[PDB]
Each structure stands twice: as structure tokens, then as C-alpha cells.
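Note: the block below is model_11.cif and it holds mmCIF, N, CA and C atoms.
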data_upload
loop_
_atom_site.label_atom_id
_atom_site.label_comp_id
_atom_site.auth_asym_id
_atom_site.auth_seq_id
_atom_site.Cartn_x
_atom_site.Cartn_y
_atom_site.Cartn_z
N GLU W 1 -5.01 9.70 4.73
CA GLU W 1 -4.89 8.61 5.75
C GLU W 1 -4.36 7.35 5.07
N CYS W 2 -3.34 6.75 5.67
CA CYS W 2 -2.75 5.53 5.11
C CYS W 2 -2.81 4.39 6.12
N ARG W 3 -2.86 3.17 5.62
CA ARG W 3 -2.91 1.99 6.48
C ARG W 3 -1.83 1.00 6.06
N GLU W 4 -1.25 0.31 7.04
CA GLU W 4 -0.19 -0.66 6.75
C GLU W 4 -0.59 -2.05 7.21
N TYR W 5 -0.64 -2.98 6.26
CA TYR W 5 -0.97 -4.36 6.57
C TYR W 5 0.17 -5.27 6.13
N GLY W 6 0.88 -5.84 7.10
CA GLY W 6 1.99 -6.71 6.77
C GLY W 6 3.01 -5.97 5.89
N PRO W 7 3.54 -6.60 4.86
CA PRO W 7 4.54 -5.96 3.95
C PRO W 7 3.93 -4.91 3.02
N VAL W 8 2.61 -4.87 2.92
CA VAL W 8 1.96 -3.92 2.03
C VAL W 8 1.37 -2.73 2.80
N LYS W 9 1.45 -1.56 2.18
CA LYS W 9 0.92 -0.34 2.78
C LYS W 9 0.08 0.42 1.75
N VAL W 10 -1.13 0.80 2.13
CA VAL W 10 -2.01 1.52 1.22
C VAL W 10 -2.22 2.96 1.66
N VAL W 11 -2.43 3.84 0.69
CA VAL W 11 -2.65 5.25 0.97
C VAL W 11 -3.88 5.74 0.21
N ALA W 12 -4.74 6.49 0.90
CA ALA W 12 -5.95 7.02 0.28
C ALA W 12 -6.25 8.42 0.81
N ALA L 1 -7.05 4.51 -4.95
CA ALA L 1 -5.97 4.34 -3.94
C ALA L 1 -4.85 3.50 -4.54
N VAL L 2 -3.71 3.47 -3.85
CA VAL L 2 -2.56 2.70 -4.32
C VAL L 2 -1.84 2.06 -3.15
N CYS L 3 -1.37 0.83 -3.35
CA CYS L 3 -0.67 0.11 -2.29
C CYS L 3 0.75 -0.26 -2.73
N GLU L 4 1.68 -0.28 -1.79
CA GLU L 4 3.06 -0.63 -2.10
C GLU L 4 3.49 -1.87 -1.33
N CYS L 5 3.99 -2.87 -2.04
CA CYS L 5 4.44 -4.10 -1.40
C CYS L 5 5.92 -4.32 -1.70
N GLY L 6 6.74 -4.24 -0.66
CA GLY L 6 8.18 -4.43 -0.84
C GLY L 6 8.71 -3.41 -1.85
N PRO L 7 9.68 -3.76 -2.66
CA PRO L 7 10.24 -2.83 -3.68
C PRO L 7 9.25 -2.54 -4.81
N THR L 8 8.24 -3.39 -4.94
CA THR L 8 7.24 -3.22 -5.99
C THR L 8 6.02 -2.48 -5.45
N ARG L 9 5.17 -2.03 -6.36
CA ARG L 9 3.96 -1.31 -5.97
C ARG L 9 2.84 -1.55 -6.98
N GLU L 10 1.60 -1.53 -6.49
CA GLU L 10 0.44 -1.75 -7.35
C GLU L 10 -0.74 -0.88 -6.93
N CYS L 11 -1.62 -0.59 -7.87
CA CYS L 11 -2.80 0.23 -7.58
C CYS L 11 -4.08 -0.54 -7.86
N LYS L 12 -5.14 -0.20 -7.13
CA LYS L 12 -6.43 -0.86 -7.30
C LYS L 12 -6.35 -2.31 -6.82
#
Can the structure from this file be put into C-alpha cells for me?
Amino acid sequence: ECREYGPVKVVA
Amino acid sequence: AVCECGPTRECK
């Protein structure tokens, strides 16, 4: 599952 | 986890 916040995107 | 911001990327 990944999340995108503004210009940054995280994946876990 | 790892996050990517623009052309650069960072973890933790």
C-alpha cells in the first residue's frame, strides 16, 4: 500500500 | 519504508 502527499509519495 | 520527492528520493 502506498500513499501520496503533495510532491512526495511513500510506499510500505 | 521509502518516500520519493520529485527527481530525488529518501528513506526513513
Apply DSSP to the backbone of this structure and, from chain L, keep only the residues in strand (DSSP E); write these as a PyMOL selection string. chain L and resi 2-5+8-11
Can you spell out as number ranges by chain the set of residues that the PyMOL selection byres ((chain L and resi 4-10) around 6) selects in the structure I just provided? W: 7-10; L: 2-3, 11-12
Box for chain W - axis-aligned, 6 Å on each of the six sides, all listed atoms - centre and size in Å to one decimal, as AutoDock Vina command-line options.
--center_x -0.9 --center_y 1.5 --center_z 3.7 --size_x 22.8 --size_y 28.4 --size_z 19.0
Could you tell me, as a PDB file with N, CA and C atoms, keeping the file's coordinate frame, which residues have any atom at most 9 Å from (-8.4, 10.4, 3.6), counting only C-alpha atoms?
ATOM      1  N   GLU W   1      -5.010   9.700   4.730  1.00  0.00           N
ATOM      2  CA  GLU W   1      -4.890   8.610   5.750  1.00  0.00           C
ATOM      3  C   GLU W   1      -4.360   7.350   5.070  1.00  0.00           C
ATOM      4  N   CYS W   2      -3.340   6.750   5.670  1.00  0.00           N
ATOM      5  CA  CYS W   2      -2.750   5.530   5.110  1.00  0.00           C
ATOM      6  C   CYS W   2      -2.810   4.390   6.120  1.00  0.00           C
ATOM      7  N   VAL W  11      -2.430   3.840   0.690  1.00  0.00           N
ATOM      8  CA  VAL W  11      -2.650   5.250   0.970  1.00  0.00           C
ATOM      9  C   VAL W  11      -3.880   5.740   0.210  1.00  0.00           C
ATOM     10  N   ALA W  12      -4.740   6.490   0.900  1.00  0.00           N
ATOM     11  CA  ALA W  12      -5.950   7.020   0.280  1.00  0.00           C
ATOM     12  C   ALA W  12      -6.250   8.420   0.810  1.00  0.00           C
TER      13      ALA W  12
END
